[PDB]
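Structure 1 and structure 2 below are two forms of the same protein chain, each written out on its own as structure tokens.
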Structure 1
């Protein structure tokens, strides 16, 4: 062997190199996405992430080598908590606790309505059209309804500006997105656990409801415990001003992992820890350290969302698909109808309770404009084949819903709202 050390060893650096290449491509085309005169306020960033994922998936398909995949743990352990922490750390408490009732009712009850309505009506149409979807079942369909109700409405706010977005609408969609991402994951775990055993009774359903509430609240309690501990430690960190962000991220991640240890709601725990610590930091912390906390949250969340959408593109271009016309058309039309009905009913019921009525403007913004992405795909994609034999059909439906609700309900929300 001439030239002793020199080599061409590529298998050594394949995961880090390709991951860095994907992130670099996404960021490069993101800075190529803002220089365009007016596209930043015409399409959401979600469209850009879809397009980047499509390009990378096309590249991988052209190369022909094995497509990468999330190993059902990298997601829940390293890609979800960044997104959740970026969202929940910048939650404005003054205008959150001011209307916690409305945000809570929308997030929880609207997600439960959307999930159960989609699951039930998808199951009903599965009973109708058969021979490819005839054998779906209920508990296998409520899971699809829950993982397709993981809506992300805050992505649409990049299309609007200071007007058309009240104080109330912004925090409302913020809380909907955040607590919806929590509740959909809790429901995902609940239904995935029920799917195993075929003997489900009234007692089992009651225990499932009880366990839903126990999971959510136990996550919350773990969050408060770790947030209080983080506040106490941040009050003792004047001397070394470089590790303060590291304490914030470490305590949030440990709250998430301690919740996930008991199968409690890690998302709720992380949100609670961030919310509880926020006021108690920024008062004991340098302004530079606060700024770098914000910057690292933004950057790390952007990287996680980018990687998830890259996997979405790889799965949609270089994946197996089970297009069924009835199921896909039914799920699109029924997710839209369920969202609209839920929003209308909930606004009608709460406007009999609040001093400031939710205007039809914001009702339309919430109903038509709630767009999936980056959690719905990931939650549906980690469904194994050992259970849920129609998980390929579930991915096809979820990908179709994501594409339709990001490229149509998100790109054509700004003009229809002027047509009020």
Structure 2
């Protein structure tokens, strides 16, 4: 057979798995350049609604022309599409904002989801009971496992829609922290009620074990993130000689912290962060300057392409993964996550503003509550729910899909004009200076003195103890790139000097 051209034969059975993937990544890239090139579109749309629209458009072309659209799976997601986005977010982390805004970021997440989860659980239980035959029979635990999967704002969508608006650094870091720290209390209210579903009688001791489980899932997650952070810092000590393996000790040492902590069923999304904040101080130092411009400019490309892909995939999995429409339940979950979110935000800001320095202006509260977007961690967690244990997931998917579409479209195309109308401060900190840095550290040392004079042990005092600790015991046994003692003043001066010199040389004429 194959008379003409004996060798030439179509082998599309080994290449199809990588060829389809390459085509999808190419579609992501082409759309990303497309809606940047077309003028004025970036204002009207949040540049992330069009990704979902294109996703469902190509899902309606793949379907309807005799091919089942590929339902973005769940674990080609937790492992392959999410780690880039999370490592991007937790690597380029404005650490001073967390260090000062830690109370709110750790109370808008730990007790700001553990509330919305139960709020939706309770009130959607109520609507389900009084709803009708089809909605009924869900029962409490099958509704708590819906509150806990729908009330988990996406570390993806919030950042992908708040990148373009350039909100005040405080408000932006608040949504950062909400989303990044949310998974620590979504993966202990999703693996806990699943085991509180079939566990015939709940008891009360098992709930105490649930609290201890949350402490483990959070603290051990951060601790594993640290342990593969004091090893990607201790391994980039030894790499003076081997210059071409630098862009890799940051990835296979965090993407192996995100898999040795999603293995144990800890929270990977936060262990990856904790391993993206213990590496940067000791991997920005002892590797060269071109390997670092590789790590940075590659993590940016990773995350940009991954966010584009998973938005195209929520688009292409809403044309073949949304069905079983039930009006009472869908409308109820919309209203009862929106009213839940805003009420939780108002309550917790009343609580916090009795403690923080810069009070949360009601503009802040409204852009937090209205700007907490739901994304693919609400879809890929409503897809791991097997149809055999929980016989109502024909409906959970359509509720999740309508909620994703509502908080990505109508809380996405409207968050743009909303900040303009409310006139919130927009990214005053666009550029960087040297006097900024010097005087900032002066004020930091001033407060570190004052707080200990008063006795008010707070953020600055702990920063002091930590910085003295990793200036004595670490940073001499972990960096060893001759930079064991150079303060941040000198390093910042060198960074700025290098940057301005490069820009001057580029401007040849």
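We call the rigid core the largest set of C-alpha positions that still match within 1.5 Å between the two forms. Residue numbers count along the first chain shown, from 1.
Fit the rigid core and compare the CA positions between structures 1 and 2: of 76, 117, 106, 174, just 76 moves by 2 angstroms or more.
Relative to the superposed core, residue 67 shifts its CA atom by 2 Å or more between structures 1 and 2. In the core-superposed comparison between structures 1 and 2, residue 342 has its Cα shifted by less than 2 Å. Superposition on the rigid core between structures 1 and 2 places the CA atom of residue 328 less than 2 Å from its counterpart. Note on residue 284: its Cα is shifted 1.6 Å between structures 1 and 2, core used for superposition. Core-based superposition between structures 1 and 2 puts the Cα shift at residue 250 at 0.5 Å.
The two forms line up on their rigid core, and residue 241 then has its Cα shifted by 2.7 Å between structures 1 and 2.
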